[PDB]
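Here is how the chains run, residue by residue.
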Amino acid sequence: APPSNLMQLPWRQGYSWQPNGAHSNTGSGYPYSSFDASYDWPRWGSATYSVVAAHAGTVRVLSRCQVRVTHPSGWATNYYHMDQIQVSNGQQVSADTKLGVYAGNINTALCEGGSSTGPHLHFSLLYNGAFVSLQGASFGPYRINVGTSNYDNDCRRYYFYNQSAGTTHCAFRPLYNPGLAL
Ligand SMILES: [Zn+2]
């Protein structure tokens, strides 16, 4: 369970994207390590927006469309469906360092295989190199509760709970990113 002050949401501070339900990296199995996010969830060929590091750590550019940020704690975040990568192998970064954009074309979006409904960021939580459950993890003030099936987005089961305001935040609503929590 990552320190509640370690991570922010993987887009620019002061801006709001729409997340979808928690799922496994593959979208099928267990654990529910990932969630997707897109400003507007549009068609291909649409405008796309900036993905930033959720935390401090080391960059690995695995391919033109995939990036990992690895903290000395072991805690790590994965970023897939990337494009226009503007960081390098071995580059140390902080939360809110622009890594690039999410892809606006399916070709780049799936450089390492898979499927996709349209432009979005697939964003995963790791520890010591393995995917781990998003259950109870904090991203800024938000604590995430994981739903009952892959991509479950029922706001009763899947939600971002703001621990500073007492507010519950649903899938497919704008989620404001205030930055790292204290
Ligand atoms: Zn995904």
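Criteria and cut-off values
- Residues numbered from 1 in each chain as written, not as in the entry; some residues may be left out.
- Heavy atoms only, no water.
- UniProt positions renumbered as here; feature names shortened; annotations may be inferred.
- Helix = DSSP H or I, 4+ residues; strand = E, 2+ residues; numbered from the N terminus.
- Polar contact = N/O pair within 3.5 Å; in protein donor to acceptor, adjacent residues only side chain to side chain.
- Donors = N, O, S within 2.8 Å, 3.2 Å for Na, K, Ca; no water.
- Tetrahedral: all angles 85-135°; square planar, octahedral: opposite > 155°, others 65-115°.
- Buried < 20%, exposed > 50% of the residue type's maximum accessible area, 1.4 Å probe, protein only.
- Disulfide = S-S within 2.5 Å.
- Core = buried A, V, L, I, M, F, W, Y, C linked by side-chain atoms within 4.5 Å.
- Contact = heavy atoms within 4.5 Å.

**Observations concerning the UniProt feature "active site" in the chain**
Under the UniProt annotation, the feature "active site" is placed at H81 and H120. Sequence-wise these annotated residues cover 40 residues; spatially they are packed, their C-alpha atoms never more than 6.9 Å apart. Summarising the element assignment, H81 is placed in the loop between β6 (75–80) and β7 (82–83). Mapped onto the elements, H120 comes out in the loop between α1 (106–109) and β10 (121–127). A polar side-chain atom of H120 sits 3.5 Å from a polar atom in the side chain of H81.

**Here's the deal with the coordination of the zinc ion**
Within the protein, the zinc ion binds to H23 (NE2), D36 (OD), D36 (OD) and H122 (ND1); these donor distances fall in the range 2.1 to 2.8 Å. For the zinc ion, the four donor atoms in the first shell make angles of 51 to 157 degrees at the metal, a pattern classed as irregular. Read in sequence order, the donor residues for the zinc ion give the motif H-x12-D-x85-H. Residue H23 is found in the loop between β1 (16–19) and β2 (34–38), and its partner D36 is found in strand β2; the two are separated by 13 residues along the sequence. Given a relative accessible area of 3%, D36 falls into the buried group.

**A closer look at the state of the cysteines**
In a disulfide, the sulfur atoms of two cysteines are held together by a covalent bond. Throughout the structure, instances matching the rule amount to two disulfides. Note that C65 is cross-linked by a disulfide to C111, the S-S spacing being 2.0 Å. Between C65 and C111 the sulfur-sulfur dihedral comes to about -80 degrees; the bridge is accordingly left-handed. Taken as a pair, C65 in the loop between β4 (57–63) and β5 (66–70) and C111 in the loop between α1 and β10 lie far apart in primary sequence, 46 residues in all.

**A closer look at the nonpolar core**
Core analysis: the biggest nonpolar cluster contains 35 residues, and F35, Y79 and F139 have the highest contact counts within it. Elements with a contribution of two residues or more to this core: β2, β5, β6, β9 (98–102), β10 and β13 (142–145). No other element matches β10, which puts three residues into this core. Among all residues touching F139, those that are not within four sequence positions of it are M7, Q8, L9, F35, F123, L134 and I144.

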